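# Chain and residue survey
Residues per chain are reported as follows:
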Amino acid sequence: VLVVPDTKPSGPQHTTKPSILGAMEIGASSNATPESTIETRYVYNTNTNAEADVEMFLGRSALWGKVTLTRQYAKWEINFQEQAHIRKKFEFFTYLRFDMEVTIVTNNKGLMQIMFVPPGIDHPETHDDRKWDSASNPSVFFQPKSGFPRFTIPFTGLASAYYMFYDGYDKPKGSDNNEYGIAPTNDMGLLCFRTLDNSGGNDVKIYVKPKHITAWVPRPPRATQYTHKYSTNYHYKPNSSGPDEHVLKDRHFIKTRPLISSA
Amino acid sequence: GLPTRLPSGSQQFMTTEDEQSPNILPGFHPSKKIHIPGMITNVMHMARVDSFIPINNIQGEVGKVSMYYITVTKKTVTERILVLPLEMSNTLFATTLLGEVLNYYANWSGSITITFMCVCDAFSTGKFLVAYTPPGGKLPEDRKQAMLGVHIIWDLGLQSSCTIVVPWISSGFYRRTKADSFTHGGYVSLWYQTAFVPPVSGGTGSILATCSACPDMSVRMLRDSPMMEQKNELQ
Amino acid sequence: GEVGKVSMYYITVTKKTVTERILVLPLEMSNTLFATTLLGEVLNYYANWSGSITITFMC
Amino acid sequence: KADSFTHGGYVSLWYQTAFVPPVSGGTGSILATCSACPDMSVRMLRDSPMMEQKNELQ
Amino acid sequence: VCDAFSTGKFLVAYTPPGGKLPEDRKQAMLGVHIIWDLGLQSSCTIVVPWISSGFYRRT
Amino acid sequence: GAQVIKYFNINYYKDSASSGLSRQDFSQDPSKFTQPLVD
Amino acid sequence: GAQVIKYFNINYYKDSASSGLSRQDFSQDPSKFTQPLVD
Amino acid sequence: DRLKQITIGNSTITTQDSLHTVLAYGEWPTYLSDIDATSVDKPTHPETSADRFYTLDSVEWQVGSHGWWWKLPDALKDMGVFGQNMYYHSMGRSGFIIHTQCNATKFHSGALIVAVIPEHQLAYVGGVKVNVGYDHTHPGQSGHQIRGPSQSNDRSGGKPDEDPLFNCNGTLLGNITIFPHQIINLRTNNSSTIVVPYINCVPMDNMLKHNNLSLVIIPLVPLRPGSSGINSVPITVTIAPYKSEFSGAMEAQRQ
Amino acid sequence: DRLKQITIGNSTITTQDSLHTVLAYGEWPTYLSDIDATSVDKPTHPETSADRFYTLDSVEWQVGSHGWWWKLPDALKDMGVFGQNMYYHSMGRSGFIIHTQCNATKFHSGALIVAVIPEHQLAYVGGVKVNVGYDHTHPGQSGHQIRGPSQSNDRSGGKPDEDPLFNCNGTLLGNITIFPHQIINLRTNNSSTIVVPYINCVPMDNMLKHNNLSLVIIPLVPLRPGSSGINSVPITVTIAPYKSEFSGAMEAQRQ
């Protein structure tokens, strides 16, 4: 683990090269520490940032999705776009390469099957669908009482990382069905759920933990509530009803103050 | 006793997991394992064997052997004879040994080998352009536009066949087995370079085609193949 | 008036006869001043912090 | 989060002498940036108040 | 030659032989060109490099 | 099992993806940021 | 696992906080009390 | 000194009032190595003919102008033989030397944020779920004048967001300093230089469909004339591709 | 370069338009040594809490303003824990770092003499034999605005002399350069720095009764606006005690 540096002693200084002057324009952050500004003592400083590294920061297994079994059947397309709090944390970065371990928290009882359906094929659309009988589609059978199912999905990119943001399109110029952003760039599969009993509740919570993460290009954190998934659209249409039609709210987190200089 | 813990996924039954199970019938002696010819240890060795592309699949010809060959005649102007859009999910490739191994896998990388053989008499001759339009390009619809991609020109005589290699050209490291516009693979098209000239004016010729994987071909993410469907119980 | 506009990032200074307090930045990482920055919005994921702050003023 | 027990203090900006422009009514603009020093450290990762979800994303 | 408070950026382009006189700055920048900032040094120099099919150019 | 006043790093499922968090950390420097300059 | 006619002190969760009671005892003296004198 | 000269073959920048050059992520553009490669065909390196400064149209910077952005490689698609190589190849990569130029006078005041954003995915100008159109995110060399936030901005045709405070993507300006950037403060410098390598999780991709970078110039503090009658100043952008590669030669993807 | 930074603990001066620092008599402030000592008790050194920059009130410099003076240690008597140590001790010594600050514009003209006078004994404002009062020679941080020579200056109450030409003591200005001094010429520099050691024929004396030094700022050439509407400029003085000592702790000599 890496501890933060110690504070070194510093005395009075008369210097013709100010360290406290600079240029904000150059594009560089300040190198100034308290030894440049005040007169300091030696402090032996054992603090660590270990809990701020991208493995610990993104490694807590957030809830990605919720589904309800309707007629003892549910379906979920794997993605982080649906939940704002985990979507904001992934979007501090442009590119992420991670394995994910998927824990399924269900309040149902009896017996459940999860099918991981790899991209490019058809999933079971109901319980009792013949497609639940699969040679090569990986599935998980579990009894929700006595344990939570968990499996790891490795990194399935088509690229060396996942795009969190994608400034391109999947089709050429004149195509009218063009799709913008990361949705065409990869698909992580879908999870199909069914119950082989009736028993308990219908709620299925999918918790996902990124592990073995490599993050690439830091971005400004999301300053606005999300509106749609796979968008970046931050303009929110609160109501379709009437004269407030076509009125949009940004919904940011900036708060005002009565006066500068009085705070 | 020794303290243990049961993390999530301990009491699971995962269909794809790798575990040891108790032997029922202990002491059982299997019959001896003799030498049998043909042992195959990897299913990508089936995709590397040439197999005929149903290049003629159309309303009338599907279900008949004639779905494997195309007719070529002598023409005054170059025509586009055939188009093999490169998708392993397309019937053209999906029905072959190559494509039907690749339809068990969600995405693939590596190079394709397509071999064209002309079945005609020994006095027939021809030059053909076989072009591969790389991904992101438009299907040419002109031989000037087709020749700007990967292409070969095969003279016809005294050797039956010629092989265009479809090289691996991709932005990403893998291509999806199912056609999409993001990973799409491009097009192979057949053109007349000069002409197909038979010994007699109305004469004609037949072209077959085979595909196999190159040695660099690789697949991943085994899935169900769309190439089998069960609507009924087998009794 | 100025929140939602780029003008929320700059203050006006003029010539005055007597010294005035121009600006106050109460030091809280939960305050909008710091909480919206790269510094403060990394620190708002953590319940407490230690160490020194660097504030740079450009005119 | 601000409390009176751990509160951090105040940074304030003052005129030392004056801001003098070339013309009487002239004015100037001040920006400000903040960064952490190298000794900065954090602990106890929690949810950030800087994101809130009132609606489902569909 | 201007006062000391004047400033400018200029494009000096050289259209190589066989080309058309540009009549647009997009077409002029496609040849040999420099961009000279103006201040604190009076002058700037474009080198017209030797670009010729043959070994000599007629006077 | 997979690999190794002691310590033992043991992989139960014999896959590199099936392991827990990667706690072995070397690569770092702020200077890609905060000082992204030629000279 | 974490560390070590035998004995084995083994930490299953690889954290110093996650360990059980600390049974290794040295520091002591009543004299901070009962005799808190200069001389 | 403040003097600088950057010569990329056939063309030379000379900056006499200048900061240090920003080298994005401390990384110079390189050619794609063999370890990282995907496609098997030998790429083309145009070098001096593609790699050279292409100056775009200037934009008038005024009181009340909210900003501008350009997409790359897009802005160069019609520029010289670099833009020709985009249409005739499947894939391509490149790094860029972006040189932004604004000079006024010692009587003018103002500040510009010049930033380069990797994968700058815009937001729709407002309302329902609509992908921003290919037509709007590919203006070419002209870039996009940012207009501004309004309820009256036309929401037709999948138009991008006009609000510079939210970076058009929904994240605060003022955090844009996490990307390679410089400020042009008229008091201080008249120009900026950023050398960005090729940034992507892919070795090469289609130059036309995907915009790797985005150059964004935001007027952080407005333009004050002082005592002069000059209320507007041009802003010129000059881009040099550097270490540009192309592979997968085909018919031009043009019309 | 003209840049300078002076850090005396807890506080930092930064001067970007600057001359050399005047080190008075080529002598830095030291603590009183044992060879030179008188009193037997161990003195206190407050160090960083007393030794630090104390900026006073600014004075408006105008057309027709004759000057200002401050007395030391007097000006600091209410300032921080340095001024507290003056009242609770018999004796004390210190050196000072005086930093004078006046900035205008390249259109302004003017000159200031900033001098430090040891034992600056004023003259009575005129007439008969009267000691100048304790009240007038101890203005505190506010100092004394020099008014000017007049027959109409009030002679009541033992007031000091107002004439800056005679240095208020009866000796010509223009010979004031024999003391540690700098000139602030608005054309040239906006500030001044003088480091004075402790000057006295006594190792320590009473901080309240005796004023060791005097800081005198005389407008040598008046303040011309040029073409601007700015007819006045502030002058800020900032003093750092340095190597200050105190001995003879007692009740505060305050009221």
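Residues numbered from 1 in each chain as written, not as in the entry; some residues may be left out. Chains lettered and ligands numbered in written order. Part of a larger assembly, values for the part shown. Heavy atoms only, no water.

## Focus: the overall build of chain C
For chain C, the helix and strand inventory stands at two helices and four strands. Listing every helix and strand of chain C by position from the N terminus yields β-β-α-α-β-β. Computed over the C-alpha atoms, the radius of gyration of chain C is 14 Å, more than 25% above the 10 Å expected from 2.2 N^0.38 for a compact globule of 59 residues. C-alpha extents for chain C along the principal axes are approximately 45 × 25 × 15 Å. (Helix = DSSP H or I, 4+ residues; strand = E, 2+ residues; numbered from the N terminus. Rg over C-alpha atoms; globule rule 2.2 N^0.38 Å.)

## Focus on the overall build of chain H
Regarding its fold elements, chain H presents two helices and 13 strands. Relative to a compact globule of 255 residues, whose C-alpha radius of gyration would be 18 Å, chain H shows 18 Å and is just as compact. Dimensions of chain H, computed from C-alpha atoms along their principal axes, come out at roughly 60 × 55 × 30 Å. Across the 255 residues in chain H, those meeting the buried criterion constitute 67%. Taking all contacts inside chain H whose residues are at least 6 apart in sequence as the whole, residues at least 24 apart take part in 82%. Total accessible area on chain H is roughly 8200 Å²; 49% of this is exposed by carbon and sulfur atoms. Computed over 17 positive and 21 negative side-chain charges, the inter-centroid distance for chain H is 6 Å. (Buried < 20%, exposed > 50% of the residue type's maximum accessible area, 1.4 Å probe, protein only. Contact = heavy atoms within 4.5 Å. Areas by Shrake-Rupley, 256 points an atom, 1.4 Å probe, with all protein chains shown as cover. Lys, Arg positive; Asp, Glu negative; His and termini not counted. Charge placed at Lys NZ, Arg CZ, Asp CG, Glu CD.)

## Description of the environment of B:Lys138
Residues and elements named next belong to chain B. Tracing the backbone shows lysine 138 in the loop between β7 (125-133) and α4 (143-146). With a relative accessible area of 65%, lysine 138 lands in the exposed category. When the C-alpha atoms of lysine 138 and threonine 96 are compared, they prove to be 25 Å apart, with 42 residues separating the residues in sequence.

## So, helix α1 (residues 80-87) of chain H
Residues of α1(H) that are buried include every one of H:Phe82, H:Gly83, H:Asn85, H:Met86 and H:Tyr87, and no others. In this structure, the buried side of α1(H) is in contact with β4 (54-55), β7 (89-101) and β13 (233-249) of chain H.

## Quick word on the interface of chain H and chain E
Accessible area lost on assembly of the parts is the figure often given for the size of an interface. Contacts between the two partners involve 29 residues from chain H and, on the opposite side, 18 residues from chain E. Summed over both partners, the interface of chain H with chain E comes to about 1800 Å²; 49% of that surface belongs to carbon and sulfur atoms. In this structure, the connection of chain H to chain E is made through one salt bridge. Connecting chain H to chain E are 17 residue pairs in polar contact. (Buried area = accessible area lost by both parts, 1.4 Å probe. Salt bridge = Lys/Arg side-chain N within 4 Å of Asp/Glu carboxyl O. Polar contact = N/O pair within 3.5 Å; in protein donor to acceptor, adjacent residues only side chain to side chain.)

## Quick notes on the packing of aromatic side chains
Under the counting rule described, the total for this entry stands at 30 aromatic pairs over all chains. Seen from their ring centres, A:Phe57 and C:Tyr45 are 5.3 Å apart, and the 75° between their planes marks the pair as edge-to-face. Placement of A:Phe57 in helix α2 (residues 54-58) and of C:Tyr45 in the loop between α2 (38-43) and β3 (46-50) is noted, with the two residues assigned to different chains. With relative accessibility at 5%, the residue A:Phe57 sits in the buried group. By the ring-pair criterion, three or more aromatic residues cluster together here, those being A:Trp64, A:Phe80, A:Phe90, A:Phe98, A:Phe155 and A:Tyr162. Above the ring of B:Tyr174, the side-chain terminus of B:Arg220 is found at 3.7 Å from the ring centroid. The ring of H:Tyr54 carries the charged tip of H:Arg52 above its face, separated from the ring centre by 4.8 Å. (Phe/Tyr/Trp six-rings, centres within 6.5 Å; stacked < 30°, edge-to-face > 60°. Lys NZ or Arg CZ within 6 Å of the ring centre and 35° of its normal.)

## Observations regarding the side chain of E:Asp37
Relative to the helices and strands, E:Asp37 is located in strand β2 (residues 32-38). Although E:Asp37 is buried, it forms no salt bridge, and the closest oppositely charged side chain is E:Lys9 at an N-O distance of 4.7 Å. Side-chain polar atoms of E:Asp37 contact the backbone nitrogen of H:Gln16, separated by 3.1 Å. Leaving out residues up to four positions away in the same chain, E:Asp37 has contacts with E:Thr7, E:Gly8, E:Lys9, H:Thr14, H:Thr15, H:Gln16, H:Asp17 and H:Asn190.

## Overview of the pattern of salt bridges
Residue and element names in this part refer to chain A. Tallying each qualifying case throughout the model produces 22 salt bridges over all chains. Of the charged contacts in the structure, one is a salt bridge between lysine 211 and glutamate 101, with a shortest N-O distance of 3.6 Å. Within this pair, whereas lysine 211 is found in strand β10 (residues 203-215), its partner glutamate 101 is found in strand β4 (residues 95-106), the two being separated by 110 residues in sequence. The exposure class of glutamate 101 is buried, given its relative accessible area of 13%.

## Here's the deal with the side chain of I:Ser18
Following the sequence through the fold, I:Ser18 ends up in the loop between β2 (11-15) and β3 (22-23). At 3.3 Å, the side chain of I:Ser18 and the side chain of I:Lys4 are in polar contact.

## Notes on the interface of chain H and chain A
Chain H puts 54 residues into the contact, and the matching count from chain A is 46 residues. Both sides together, the interface formed by chain H and chain A hides about 4200 Å², and carbon and sulfur atoms give 55% of it. Broken down residue by residue, the surface that chain H buries against chain A is led by H:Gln121, H:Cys201 and H:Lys209, which jointly contribute 18%. At the junction of chain H and chain A, the tally comes to one salt bridge. Ionic pairing is found between H:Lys71 and A:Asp167, a salt bridge with its closest N-O pair at 3.3 Å. The interface formed by chain H and chain A includes 31 residue pairs in polar contact. Of all the secondary-structure elements, those providing two or more residues to the side of chain H that touches chain A are β8 (109-118), α2 (134-137) and β10 (181-185) of chain H. If you tally residues by element for the side of chain H that touches chain A, the top one is β10(H), at four residues. Taken together, the residues of the side of chain H that touches chain A break down into 24 nonpolar, 23 polar and seven charged. (Nonpolar A, V, L, I, M, F, W, Y, C, P; charged D, E, K, R; others polar.)

## As for the nonpolar core
Of all hydrophobic cores here, the largest spans 146 residues; its most connected members are A:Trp64, A:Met100, A:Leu191, A:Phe193, A:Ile206 and H:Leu76. If you look at the next biggest cluster of nonpolar residues, it comprises 43 residues, including B:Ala47, B:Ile81, B:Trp108 and B:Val188. (Core = buried A, V, L, I, M, F, W, Y, C linked by side-chain atoms within 4.5 Å.)

## Topic: the sheet that holds strand β9 (residues 144-145) of chain I
Residues and elements named next belong to chain I. Strand order in this open sheet of five strands is β9-β6-β12-β8-β10, and the pairing throughout is antiparallel. Looking at strand neighbours, the two that pair on one side only are β9 and β10 (181-185), the edges of this open sheet. Inspection of the sheet shows strand β6 (residues 68-72) paired to β9 by two bridges, in the antiparallel sense. If you follow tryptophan 69 over to β9, its bridge partner there is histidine 144. (Pairing = 2+ DSSP bridges.)

## Overview of the sheet that holds strand β1 (residues 4-8) of chain I
Adjacent strands of a sheet pair through backbone hydrogen bonds, lying either parallel or antiparallel. Strand order in the open sheet formed by three strands is β1(A)-β1(I)-β2(I), and the pairing between neighbours is antiparallel. Each end of this open sheet is capped by a strand with a single partner; those strands are β1 (13-15) of chain A together with β2 of chain I. Each adjacent strand pair in this sheet contributes to an overall mean axis angle of 5°, direction not counted. As paired elements, β1(I) and β2(I) share five bridges and run antiparallel to each other. Residue pairing across strands places I:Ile6 opposite I:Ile13, the latter belonging to β2(I). (Axes fitted to C-alpha atoms, helices over the stretch in contact; angles between N-to-C directions.)

## Structural notes on the environment of A:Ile182
All names here are of chain A. Tracing the chain through its elements places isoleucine 182 in the loop between β8 (162-163) and β9 (190-195). In this structure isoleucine 182 comes out as buried when scored by relative accessible area, which is 7%. The sequence separation of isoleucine 182 and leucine 69 amounts to 113 residues, and the corresponding C-alpha distance is 28 Å. Filtering out sequence-adjacent residues up to four positions away, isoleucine 182 remains in contact with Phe80, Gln81, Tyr163, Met164, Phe165, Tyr166 and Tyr230.

## Examining the pairing of β8(H)
All names here are of chain H. With nine of ten residues buried, β8 lies mostly within the body of the structure. The sheet contact formed by β8 and strand β12 (residues 213-224) spans eight bridges and is antiparallel. Residue pairing for β12: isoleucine 113 is matched across the bridge by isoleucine 218. Strand direction decides the pairing type here: β8 and β10, joined by five bridges, are antiparallel. Bridging across to β10, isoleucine 113 finds its partner in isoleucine 183.

## Examining the arrangement of the chains
The highest contact count of any of the 18 pairs of chains in contact belongs to chains A and H. Regarding chain G and chain H, the two do not touch, and the least distance separating their C-alpha atoms is 34 Å.

## Describing the pairing of strand β6 (residues 139-142) of chain A
Consecutive residues of a regular strand have side chains that alternate between opposite faces of the sheet. Two strands pair when backbone bridges link them, and strand β5 (residues 112-117) of chain A and β6(A) are joined in this way by four bridges, in the antiparallel orientation. Pairing of A:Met115 across the sheet is with A:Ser139, part of β6(A). Here β6(A) pairs with strand β1 (residues 13-14) of chain B via two bridges, running antiparallel. Within β1(B), the residue paired with A:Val140 across the bridge is B:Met14.

## Examining unusual backbone geometry
Backbone torsion omega between H:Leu72 and H:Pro73 reads 0°, so that peptide bond is classified as cis. Within the fold, H:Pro73 resides in the loop between β6 (68-72) and α1. Backbone geometry at I:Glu119 places phi at a positive 45°, although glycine is not the residue there. Here I:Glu119 is to be found in the loop between β8 (109-118) and α2 (134-137). Even without being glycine, I:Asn167 reaches a positive phi, approximately 65°. Here I:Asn167 lies in the loop between β9 and β10. Given a relative accessible area of 11%, I:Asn167 falls into the buried group.

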